[PDB]
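Have a look at the structure below before the remarks.
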């Protein structure tokens with residue numbers, strides 16, 4: 001009996017290191033997975049991204065936190081909305 005997304009209470013507009021890594025090279029899989037769909041490639045990016053020694057992620061996460069920090073800084077100001085029943089309207 002109420003709608004709600006990831007806008008109120010800790011907004012998550014920016015992208016994640018895995019996103020800027022997946023969505024960025026996804027093209028590399030959409031072009032190399034002619035006999036597949038996307039689940040096959042997706043699994044591939046889930047193995048590499050994790051395997052990463054956090055040596056390169058520190059850069060990505062620093063890119064995700066760089067904006068999420070300045071964004072949520074003044075953007076989160078709208079989080080004043082205390083009343084928020086079950087925040088999850090993703091079907």
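Derivation of every value follows stated rules applied to the coordinates shown; laboratory data play no part.
Some notes on this structure:
- Taking the C-alpha atoms only, the angle from helix 39-51 to the longest principal axis of the chain is near 80 degrees.
- Contact order relative to length of the chain, as percent, for alpha carbon pairs under 8 angstrom and 6 or more apart: 61
- From the C-alpha gyration tensor of the chain, square roots of 5λ in Å: 31, 19, 10
- Computed from Cα atoms, the angle from the helix 17-30 axis to the main principal axis of the chain rounds to 40 degrees.
- Folded to 0 to 90 degrees: helix 57-75 orientation relative to the chain principal axis, Cα: 20
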